[PDB]
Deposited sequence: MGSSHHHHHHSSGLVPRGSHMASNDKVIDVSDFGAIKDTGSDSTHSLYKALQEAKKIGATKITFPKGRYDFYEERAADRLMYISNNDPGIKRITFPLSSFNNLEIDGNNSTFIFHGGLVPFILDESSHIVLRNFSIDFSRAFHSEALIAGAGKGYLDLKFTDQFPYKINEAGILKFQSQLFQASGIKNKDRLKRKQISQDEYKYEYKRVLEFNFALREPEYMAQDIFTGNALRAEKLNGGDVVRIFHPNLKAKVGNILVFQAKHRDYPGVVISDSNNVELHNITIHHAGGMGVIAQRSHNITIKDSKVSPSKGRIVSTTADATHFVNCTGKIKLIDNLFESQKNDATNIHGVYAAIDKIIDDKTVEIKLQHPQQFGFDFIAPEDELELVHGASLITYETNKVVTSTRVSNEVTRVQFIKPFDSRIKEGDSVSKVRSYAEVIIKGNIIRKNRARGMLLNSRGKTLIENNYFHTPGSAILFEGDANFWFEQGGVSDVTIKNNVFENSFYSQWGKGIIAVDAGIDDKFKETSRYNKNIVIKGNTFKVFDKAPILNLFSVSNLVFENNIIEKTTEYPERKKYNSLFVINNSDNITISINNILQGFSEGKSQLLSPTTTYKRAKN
């Protein structure tokens, strides 16, 4: 009627049977009749590959290919999916949700998990020169083949072997990271150890893995980082007015929520958090927004234990590959996880940017655009473009940049950074808790490897708590700039502008930078409380709370408060150019 009950289409809870086809039929009926809601009788629902719809997808900062989709929400309008706090379990290579060219879609009250994680975890039972001894629990099956290589499996007749073998790709790894057993966070100062996808291994007649760079503390947990990003949790693509309310994402092969080229997204009262027996949630970013517009609201969420940043809101740079004539260029997407990102349309305004400095030469209007491939697009401008532009420079679309509201979130226990603020729109970061091994807030962006467009223009960071963040090495300080500006251009490049950091509590354990800035104009750091702790060992390489280079109009104000420090506030609040002296 107005509300469609998925059990009227044969999806039965708690049985363990596949509910994919019944779900599909309920979705098509909702589109046929104009229903505004689908409800699940509260229970457990399982979804498998065999009857899932298949679609080519490019998904920014994730891996492209054929996706099997359990909720294929393409061209839906004005539809709410209320799971009534049901539990959704996905078996194998599924993308749970893709919202494609949809509008006013509300997702509420369910959880997402996969029956076997894409990553794997092990207890570290011993260590030595070039090896670790590991105990795996049952939920991470593996085989050690005749070659002496550790290969994780989907599960423990010739065609069943063949399909299991075909599953091996999904559980490939590329690096390992040590997690502290007691704190359930990346181990203090441990770093990613690259291994590649094949580790020599042997079972001691416990599994021993061999690699020259292995180093960890016994009793900690070793995480094998999933190599691939093929199965993100919720994809929001070319869509508008999407809300996620009380969604729990226990796991994904890649990001928890990834949005590209969409407009108005809210994520509220949701959580990314591990399920029973796991120390890791999603295998990449909890959330992530590419070329999005309107309001992006992250309200009152819990993001913990994912293998990457909690959020990143940014644009796409594309390199100028070939100059065809004075008015025409071919641009090329650079990073493999950007291939297929079409964004340049007739009448768009583009920034033309010098690659090594991130200085904008000019803006220009595009009159025509032709997609040549999933890499190359040809672009014709209305007037001849600036004569200084060379091949190797980049373009970025001048958007109505997203207004970013990030309020009331708890961000902790994840690998890497807290928030990558590459939002050039009006940005508000207020009343969040950060406990991250990397930079809690990082202004990044580059046009040489990730080709992500950042460059802040209006940022307010007010009344957050930064507790012993940046306790490892993914970043350059608690709040830091690592934008891709060559040293030669730092003094003249001003990439991030107009930043107010007021009313925060920084609980710090050593004298690593609270602020580490370059190429900034107009930043005010006032009315903050800085308070010394002993939560982690002090690192002797840091002796400066405020490292500032190649910036202007930076006020580190006198009205900040310092508690528990040996030295006086006038030494401690005084900027250096270096970490030490």
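**Q** Going from the first residue of the deposited sequence to the last, where are the unmodelled runs?
**A** Seq positions lacking coordinates: 1 to 24, 181 to 189, 239 to 241, 618 to 620.
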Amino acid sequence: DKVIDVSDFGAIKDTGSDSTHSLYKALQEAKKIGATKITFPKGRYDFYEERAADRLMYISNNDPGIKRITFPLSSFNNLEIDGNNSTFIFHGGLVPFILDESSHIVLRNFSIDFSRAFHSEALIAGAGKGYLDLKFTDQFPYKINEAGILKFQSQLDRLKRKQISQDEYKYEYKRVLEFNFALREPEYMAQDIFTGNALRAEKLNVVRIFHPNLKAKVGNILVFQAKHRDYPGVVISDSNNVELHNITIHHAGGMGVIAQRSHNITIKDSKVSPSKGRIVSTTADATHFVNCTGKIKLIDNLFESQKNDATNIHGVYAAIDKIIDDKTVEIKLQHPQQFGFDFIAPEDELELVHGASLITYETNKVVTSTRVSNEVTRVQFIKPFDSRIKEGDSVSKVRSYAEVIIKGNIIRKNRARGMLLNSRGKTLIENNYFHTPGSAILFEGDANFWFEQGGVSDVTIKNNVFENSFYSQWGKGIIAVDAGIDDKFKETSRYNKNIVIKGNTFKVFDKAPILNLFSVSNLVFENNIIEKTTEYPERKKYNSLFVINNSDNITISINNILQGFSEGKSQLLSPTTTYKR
From here on, numbers count along this sequence of modelled residues.
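**Q** Taking the recorded C-alpha temperature factors, which stretch has the higher mean, 157 to 165 or 185 to 193?
**A** The deposited B-factors put 157 to 165 ahead on the C-alpha mean.
**Q** Just the C-alpha B-factor column, please: which of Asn220, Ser111, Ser262, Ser270 has the biggest number?
**A** Reading the PDB entry, the winner on C-alpha B-factor is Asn220.
**Q** Sorting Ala127, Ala286, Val242, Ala447 by Cα temperature factor from the record, which one lands on top?
**A** Checking the PDB record, the top C-alpha B-factor among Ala127, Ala286, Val242, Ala447 is at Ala127.
**Q** Of the three thirds of its chain by CA temperature factor, lowest, middle or highest, which one includes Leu214?
**A** Highest third.
**Q** Split the chain's modelled residues into thirds by Cα B-factor; is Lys490 in the lowest, middle or highest one?
**A** Within its chain, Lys490 is a highest-third residue by C-alpha B-factor, going by the deposited values.
**Q** Hey, what third does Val459 fall into on Cα B-factor, ranked over its chain?
**A** Ranked within chain, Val459 CA B lands in the lowest tercile.
**Q** Can you work out whether the C-alpha temperature factor of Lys365 puts it in the lowest, middle or highest third of the chain?
**A** Answer is highest: the recorded C-alpha B-factor places it there.
**Q** Using only modelled residues of the chain, where does the Cα B factor of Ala30 rank: lowest third, middle third or highest third?
**A** Its C-alpha B-factor, which the entry lists for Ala30, ranks in the highest third among residues of this chain.
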